[PDB]
$ cat data.tsv   # TSV, C-alpha atoms
chain	number	residue	atom	x	y	z
M	1	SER	CA	44.81	-27.12	20.63
M	2	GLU	CA	44.95	-23.66	22.21
M	3	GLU	CA	47.38	-22.60	19.49
M	4	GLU	CA	44.34	-21.83	17.35
M	5	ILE	CA	43.27	-19.30	19.97
M	6	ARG	CA	46.76	-17.81	20.20
M	7	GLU	CA	46.90	-17.60	16.40
M	8	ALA	CA	43.62	-15.72	16.30
M	9	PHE	CA	44.91	-13.40	19.02
M	10	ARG	CA	48.08	-12.72	17.00
M	11	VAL	CA	45.94	-11.80	13.99
M	12	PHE	CA	43.80	-9.47	16.09
M	13	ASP	CA	46.63	-7.61	17.85
M	14	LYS	CA	48.00	-4.84	15.62
M	15	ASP	CA	51.20	-4.14	17.56
M	16	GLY	CA	51.80	-6.74	20.23
M	17	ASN	CA	50.19	-5.07	23.22
M	18	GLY	CA	48.22	-8.11	24.35
M	19	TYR	CA	45.05	-6.04	24.70
M	20	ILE	CA	42.69	-6.08	21.74
M	21	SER	CA	40.79	-2.80	21.52
M	22	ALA	CA	37.58	-2.09	19.60
M	23	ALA	CA	39.60	-0.45	16.83
M	24	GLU	CA	41.77	-3.50	16.19
M	25	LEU	CA	38.78	-5.81	16.52
M	26	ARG	CA	36.76	-3.79	14.01
M	27	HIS	CA	39.75	-3.71	11.66
M	28	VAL	CA	39.92	-7.51	11.51
M	29	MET	CA	36.14	-7.90	11.23
M	30	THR	CA	35.99	-5.40	8.36
M	31	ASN	CA	38.87	-7.19	6.61
M	32	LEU	CA	36.82	-10.38	6.81
M	33	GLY	CA	33.90	-8.67	5.10
M	34	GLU	CA	31.88	-7.91	8.23
M	35	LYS	CA	30.64	-4.33	8.15
M	36	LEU	CA	29.06	-3.44	11.49
M	37	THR	CA	28.16	-0.16	13.19
M	38	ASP	CA	29.81	1.48	16.21
M	39	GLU	CA	27.12	0.09	18.51
M	40	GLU	CA	27.31	-3.45	17.12
M	41	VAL	CA	31.09	-3.52	17.48
M	42	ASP	CA	30.98	-2.14	21.03
M	43	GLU	CA	28.33	-4.73	21.95
M	44	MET	CA	30.78	-7.47	21.00
M	45	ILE	CA	33.35	-6.00	23.37
M	46	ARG	CA	30.78	-5.44	26.11
M	47	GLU	CA	29.88	-9.14	25.95
M	48	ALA	CA	33.45	-10.43	25.80
M	49	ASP	CA	34.79	-8.10	28.48
M	50	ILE	CA	34.07	-9.57	31.90
M	51	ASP	CA	36.22	-7.13	33.87
M	52	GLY	CA	34.53	-4.04	32.48
M	53	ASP	CA	37.58	-2.21	31.20
M	54	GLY	CA	36.57	-1.57	27.63
M	55	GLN	CA	38.77	-4.10	25.86
M	56	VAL	CA	39.34	-7.83	25.51
M	57	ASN	CA	42.28	-9.44	27.29
M	58	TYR	CA	43.90	-12.82	26.52
M	59	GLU	CA	41.81	-14.59	29.18
M	60	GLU	CA	38.49	-13.19	27.94
M	61	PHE	CA	39.56	-13.86	24.36
M	62	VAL	CA	39.99	-17.56	25.12
M	63	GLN	CA	36.57	-17.74	26.80
M	64	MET	CA	34.80	-15.97	23.92
M	65	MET	CA	36.32	-18.39	21.38
M	66	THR	CA	34.99	-21.32	23.39
M	67	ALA	CA	31.54	-19.79	23.87
M	68	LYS	CA	28.41	-21.65	22.79
H	1	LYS	CA	29.21	-15.30	15.16
H	2	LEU	CA	32.42	-15.93	17.10
H	3	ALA	CA	32.68	-19.52	15.86
H	4	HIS	CA	32.01	-18.37	12.30
H	5	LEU	CA	34.70	-15.72	12.71
H	6	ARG	CA	37.37	-18.32	13.52
H	7	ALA	CA	36.17	-20.33	10.53
H	8	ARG	CA	36.37	-17.56	7.92
H	9	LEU	CA	39.61	-16.26	9.44
H	10	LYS	CA	41.24	-19.63	8.78
H	11	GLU	CA	40.04	-19.52	5.17
H	12	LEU	CA	41.90	-16.28	4.48
$ encode --input "data.tsv" --output "structure tokens"
Amino acid sequence: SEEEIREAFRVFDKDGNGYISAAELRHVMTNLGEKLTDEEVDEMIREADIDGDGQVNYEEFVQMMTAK
Amino acid sequence: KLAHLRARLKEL
């Protein structure tokens, strides 16, 4: 089900903008117990972002969750 | 990893 992906997205978004920024992403990661540096966090975005905007959109979010 | 993230996220 893709609901799992939507659920994860809902947990990531901190307002309902539909565009997960590095700040919101880091917030969730830190809450999970993952303490990474500025570079490490940005790297995650740089790999997920295919457009090259500086954030992860719904489409890219779905692809990253299905990555292998 | 991304897969591990979805796993732990579901735990909490």
$ interface_residues --input "data.tsv" --of "chain M" --to "chain H" --cutoff "12 Å" --atoms "only C-alpha atoms" --output "PyMOL selection string"
chain M and resi 4-12+25+28-34+44-45+47-48+61-68
$ axis_aligned_box --input "data.tsv" --around "range 19-35 of chain M" --padding-each-side "5 Å" --output "lines of an AutoDock Vina configuration file"
center_x = 37.8
center_y = -5.4
center_z = 14.9
size_x = 24.4
size_y = 19.9
size_z = 29.6
$ atom_distance --input "data.tsv" --atom1 "CA of residue 18 in chain M" --atom2 "CA of residue 3 in chain M"
15.3 Å
$ atom_distance --input "data.tsv" --atom1 "CA of residue 56 in chain M" --atom2 "CA of residue 19 in chain M"
6.0 Å
$ atom_distance --input "data.tsv" --atom1 "CA of residue 17 in chain M" --atom2 "CA of residue 55 in chain M"
11.8 Å
$ closest_residue --input "data.tsv" --among "M:24, M:2, M:42, M:15" --to "residue 54 in chain M" --atoms "only C-alpha atoms"
M:42
